[PDB]
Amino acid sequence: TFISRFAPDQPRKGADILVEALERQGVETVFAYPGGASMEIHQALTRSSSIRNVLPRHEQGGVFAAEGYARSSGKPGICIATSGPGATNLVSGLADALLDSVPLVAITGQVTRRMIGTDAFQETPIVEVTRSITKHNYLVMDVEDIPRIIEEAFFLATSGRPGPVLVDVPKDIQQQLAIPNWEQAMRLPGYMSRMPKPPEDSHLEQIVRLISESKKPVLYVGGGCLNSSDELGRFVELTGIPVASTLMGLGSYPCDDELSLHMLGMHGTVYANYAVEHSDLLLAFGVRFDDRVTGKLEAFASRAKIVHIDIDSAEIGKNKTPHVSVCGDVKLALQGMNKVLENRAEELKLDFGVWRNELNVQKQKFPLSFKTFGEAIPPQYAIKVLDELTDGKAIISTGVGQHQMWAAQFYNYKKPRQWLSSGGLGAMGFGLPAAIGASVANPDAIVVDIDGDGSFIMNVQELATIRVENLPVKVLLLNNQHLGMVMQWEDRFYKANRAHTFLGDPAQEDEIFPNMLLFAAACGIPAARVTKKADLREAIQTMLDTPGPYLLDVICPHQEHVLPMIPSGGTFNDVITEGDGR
């Protein structure tokens, strides 16, 4: 039973209705940056005792923080911005949350209704702008629609395939007094009828049937399984099928397990891509068959019966035509198949040890390899040390680039929602604010931002947010003085011709630039730089043991390449297993 701060017959500002609507949704944390068109909302936020605001230094940092809050908890992330430039600064985050299916609710202020369309001060048609990069958006035209729209927004952002929902609120609606009707019925008749049903036993038994008939089965696990950790693990015990995970599904099945094929795809392991290439049954659970994973669609699992389970009917058969499909919650589908596999255990006699050995041979012959050059710190080894000293229990957020892939390869995530990384959009500057949101969602957790010197500096202003909010955010900065991922493609396909990929100072060419330690110093964050590989273990240990925020500038040779690499649009026979920029 909810307790309001106002009488049931007492009129209150629309902004106070908006905030209370968040309270009834269980919202404890918001990332709001104030502005002229949203001052009423910020005033109403101070009157709330249950909602905490984490003030960022940039609205892109605010929405990225809401993402980290969401990806690392399963809750929806809530960011609030003002009209005009405040709203447009959320755009990268909205498109990011859409492509990665992150539950997110963005509230933007707006000019008064009579000023809309008149090119008013700090006015942009944010609804018209964001319609193609959100799951849905609203323009509140009456104060009485606030309780219904906010309920629909949270329902749409979290149910089905999650995504971002933007709610544009004009200033006059925030000031207008009203008595909210919390018993309103949502106007989502078509969307709720389109919601998938629990999976039938008919479809589930045909899948278990195909599992017994198969001799080379591979699990293709993606971001749709982040809530099916236990159900997937139980499913693997009953089948023994190896698990190949995507960049988004990392942690769903423990990466340190003997049945784990780790990540597959363009920068996936050689054995994971081998398993899918030579499989006869591909169990695609919670994936969307991205070109980063498949490459050439005709050659991806070219001799496999493809079972695809997805809660979005639009994804089933979009890129890869499956044999058997199940449109519904993969969590329920695993529960139904676990009871079938458990009762009919002795009837099926499932044993794929021959197929597993065929893959375990590939593990030994083509594992994840990195080269150590003298005393220079290899970034892969730096991440592996972070895995050890944290026991694989840390929440890892990353930027985008070489360091993002190495954080995916050389860290063994044991649970889902430990791995926070922009996959679909691939937005740099994501790691640091996402670490902020993850730490507020998980205060007693180890949050480490494995960032790159290009990505880190983009939203470096959020270091101020980390200190002011006193968040124990660790920044493992893998500094290579380059836009490494773009530099790697320059070495491979453009004869190492540098096209504006060096981030340092050409005058002082051998000096590390900028001095990221002084960025942390400016915001009162203790920092340190480690260059020699011997000091690396003690440096990372100091970062973890030192309470509060900490930045560790880990210098790395820039000639490193992410391996292995399947070129874009290529097949498994085009995999690059060796080579760098030397």
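All residue numbers are counted from 1 along the displayed sequence.
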Stretch with the higher entry mean CA B-factor, where the candidates are 218 to 226 and 252 to 260: 252 to 260
Stretch with higher mean Cα temperature factor, 328 to 336 vs 87 to 95, is 328 to 336
Using only the C-alpha B-factors in the record, can you name which of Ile306, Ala157, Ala106, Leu478 has the highest? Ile306
Out of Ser101, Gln404, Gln508, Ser455, which shows the largest CA B-factor listed in the entry? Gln508
Third of chain Cα B-factors occupied by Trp419: lowest
Ranking the modelled residues of this chain by C-alpha B-factor as given in the entry, is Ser50 in the lowest, middle or highest third? middle
Taking the chain's C-alpha temperature factors as the reference, tell me which third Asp9 falls into: lowest, middle or highest. highest
Once the chain's modelled residues are ordered by C-alpha B factor and cut into thirds, is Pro322 in the lowest, middle or highest one? highest
Relative to the other modelled residues in the chain, which third contains the C-alpha temperature factor of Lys349: lowest, middle or highest? highest
